[PDB]
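Only one chain comes next, encoded as structure tokens, the form deposited in one PDB entry.
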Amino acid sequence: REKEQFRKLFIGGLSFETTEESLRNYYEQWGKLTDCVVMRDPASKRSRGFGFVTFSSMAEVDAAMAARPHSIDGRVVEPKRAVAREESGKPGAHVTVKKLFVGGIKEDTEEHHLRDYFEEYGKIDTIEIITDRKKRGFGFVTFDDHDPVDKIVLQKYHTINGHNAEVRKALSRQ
């Protein structure tokens, strides 16, 4: 079975009334859950206003996300790909951004190479190879929704054109 991190959504903006049961119920209309949880405060056991749900496959998750917005107990919720514990610390972890930095591509990799690979994740605005003078070995890609990026950065390394290529949410300066 696929890694959990690739099958899991963070669900923010929940009602303090929302239970696992109704969370579990609403997200089952796109597949089988293997885990469900409204995070609660240790002492009080009051909701923290977000939870997690885990589907059996990535295909299920995508459909869930194709079917936005979501609404549970009168609140529009904020489903997001679950960012790993490992990661949840640095800037640009929960930055919900639409641009993506792409590195480790070397001089033999072209603007079309990047479309080929990334068009699959969602629709694109723009691509940018970087050079001065031949080619610095990195570039940028810009999607219409944040979710392509979010899906992309669940995996640090993407194999593109014979290279172990590294992806990162694009930060300003900085």
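Note that residue numbering follows the sequence shown and begins at 1.
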Would you class the number of unmodelled deposited residues between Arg133 and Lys134 as none, 1 to 3, 4 to 9, or 10 or more?
1 to 3
As stated in the PDB record, which stretch has the larger average Cα B-factor, 59 to 67 or 35 to 43?
35 to 43
When the Cα temperature factors in the entry are averaged, is it 47 to 55 or 22 to 30 that ends up higher?
22 to 30
Give the position of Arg81 by CA B-factor within its chain, expressed as the lowest, middle or highest third.
lowest
Where does the C-alpha B-factor of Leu114 rank in its chain, lowest, middle or highest third?
middle
Would you mind ranking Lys169 by its C-alpha B-factor against the rest of the chain and naming the third, lowest, middle or highest?
middle
Comparing against every modelled residue in the chain, figure out the third that the C-alpha B-factor of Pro148 lands in (lowest, middle or highest).
middle
By its CA B factor, does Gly122 count among the lowest, middle or highest third of the modelled residues in the chain?
lowest
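Quick note: we don't show the form deposited in another entry, though the next part is all about it.
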Among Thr126, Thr96, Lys123, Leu154, which sits at the hinge of the chain's rigid-body turn between the shown form and the other one?
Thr96
